[PDB]
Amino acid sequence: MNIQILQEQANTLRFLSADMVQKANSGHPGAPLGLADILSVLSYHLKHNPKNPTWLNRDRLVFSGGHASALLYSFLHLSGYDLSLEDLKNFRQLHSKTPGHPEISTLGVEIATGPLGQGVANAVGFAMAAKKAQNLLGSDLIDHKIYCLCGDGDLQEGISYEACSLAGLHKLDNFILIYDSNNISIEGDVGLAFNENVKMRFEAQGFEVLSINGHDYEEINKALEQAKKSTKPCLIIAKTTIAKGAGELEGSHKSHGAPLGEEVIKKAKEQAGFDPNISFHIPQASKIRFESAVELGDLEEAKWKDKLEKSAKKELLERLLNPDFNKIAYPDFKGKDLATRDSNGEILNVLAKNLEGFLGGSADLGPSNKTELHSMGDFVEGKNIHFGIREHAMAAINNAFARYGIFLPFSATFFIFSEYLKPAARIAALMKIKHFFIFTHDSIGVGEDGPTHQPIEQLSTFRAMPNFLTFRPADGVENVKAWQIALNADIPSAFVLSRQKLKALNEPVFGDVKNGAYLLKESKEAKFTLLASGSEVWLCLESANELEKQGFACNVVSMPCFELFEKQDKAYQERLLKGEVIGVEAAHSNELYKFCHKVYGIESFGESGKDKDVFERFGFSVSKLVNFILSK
């Protein structure tokens, strides 16, 4: 560790980064160049095994500014991860291992980032998950750091303030946030839009705050040493110059998100002692020094495994890594009329009791969501997490819990406020993580709180999002079967649940919940099929009885999951969907015309009133539905 070697190392990172962006003719060179000194120093502090990116006690490194991806990739390559030099030359190209923003399919990447702010909240979540992991397994087995690199953009986003609020409350002294303060954003000078006292902000939220020159290697190093000893979450405010080293582009907003240009890169290389007429060059001293991470990380991981072998926590670690979902005896709700928020809360309790790594919480709505895990305690000693009124940060925190290595998290709010967390739900979907979203108060059935609290379009949003199952159970038995599927699935699930009591259904005639849609009633030479989910299934059963009394044969189909039904073969779909198919749901759900000739939904916003008065207004009654079906 001297300035000559650190300068060479930083410059290696710069020029790989600049070269990759240039070859792609696409990407972000400014942040890589401005962060290269910091990352050079940090490489001396980071505990990780490049040959085993799943080591449980590794330091977790998050780049919140995912536009800095070339710098991440350069570092992974140089440190000995499975990412090659040819992969670097395929930056931002179709099917490469080096996409424009980081994806977890690239080994070494801790969490997908790209949408600003998410990373900061993910890093708090990794810090929380580490505290819980230490609670379970001991401080002899879990003692690592969480480092996050973030920029201006991250810290302007509301989710950053939400997550840092929590980091202070929970005294996350394993969390180190490094802010790249370069005074530049896409619109130019940061002062056009931001002039907060950042130190004061973060001190108000229980952080220790350091301020340094982010191009001074000894100051970077001293700050990391102090940060690692902090008794609070720590912020390093690192004043940098965007595109540091890039001559005429230093400090320019033009360096944020376009290639530096061939002549700029030649001049930069020249000034740094690099040969300007080659690219993708890795100097020898820098090669050896970065690659030393392989030997060092193998020995760190070895020492840890020896500690594990001595631990009384081995059998627990094995259960947490290999949960057995098949053994779980769920509640039997057959014939019981219940709100599905209540069936669901009973299931959450059964899960928490069977699965040592199953935990979660609500955004201040535990009592109403029915998500309290009874007699299981509060975080950190227990399992209930009190997120406060921070839907978005909750979901991003829980995305990190799902990535940590030993946890099965749930996030809960009212379905209408799913909108506050949807960007993080999207990241779960993109990553295909096991994170469960619990959304109660699913419809106009909410009643008196009125239209700001009555979902209308949210079912469409979640159905439309890739890599997500959206379950809307009609009763407790459906609610159990939705969970069985959700825990065995390869993608995240949402549970869309009622405030109000729903009527228990009879048993399936043909198919089941695993098929997405199934038959509850089947008639020969059916003239109509009524297809419904959740709270509307009983209406459809009553309506089909009235239509049969009036002389019309009907099928009734329960559709707890649209996405699973989309995967069924034509023969199955043809057996269910006979005659003229009518979809019925208390939502604005045009996607139902994939399967239905007519859809009886809600096209407007809701109304404040008693639940029964609001459903009648919106047409949800047997007499009205039957008149619709009979076109008169």
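The first residue of the sequence shown is number 1, and the count goes up from there.
Enquirer: So which stretch wins on mean C-alpha B-factor, 569-577 or 596-604?
Expert: According to the PDB entry, the answer is 569-577.
Enquirer: Taking the recorded C-alpha temperature factors, which stretch has the higher mean, 251-259 or 200-208?
Expert: The stretch with the larger average C-alpha B-factor is 251-259.
Enquirer: Going by the entry, which of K549, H144, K97, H453 has the most elevated CA B factor?
Expert: That would be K549.
Enquirer: Identify, among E295, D475, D449, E110, the residue whose C-alpha carries the highest B-factor in the deposited PDB entry.
Expert: Highest CA B-factor of the listed options: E295.
Enquirer: When the deposited Cα B-factors of this chain's modelled residues are ordered and cut into thirds, is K51 in the lowest, the middle or the highest one?
Expert: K51: CA B-factor falls in the highest third of its chain.
Enquirer: Compare the C-alpha B factor of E419 with those of the other modelled residues in its chain, then answer lowest, middle or highest third.
Expert: Lowest third, going by the recorded CA B-factors of the chain.
Enquirer: Ordered by C-alpha B-factor within the chain, which third holds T106? Give me lowest, middle or highest, please.
Expert: CA B-factor rank for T106: middle third.
Enquirer: Determine, from the deposited record, the chain-internal third of the Cα B-factor for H392: lowest, middle or highest.
Expert: Within its chain, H392 is a lowest-third residue by C-alpha B-factor, going by the deposited values.
Enquirer: Thinking about Cα B factors across the chain, which third does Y330 belong to?
Expert: Within its chain, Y330 is a middle-third residue by C-alpha B-factor, going by the deposited values.
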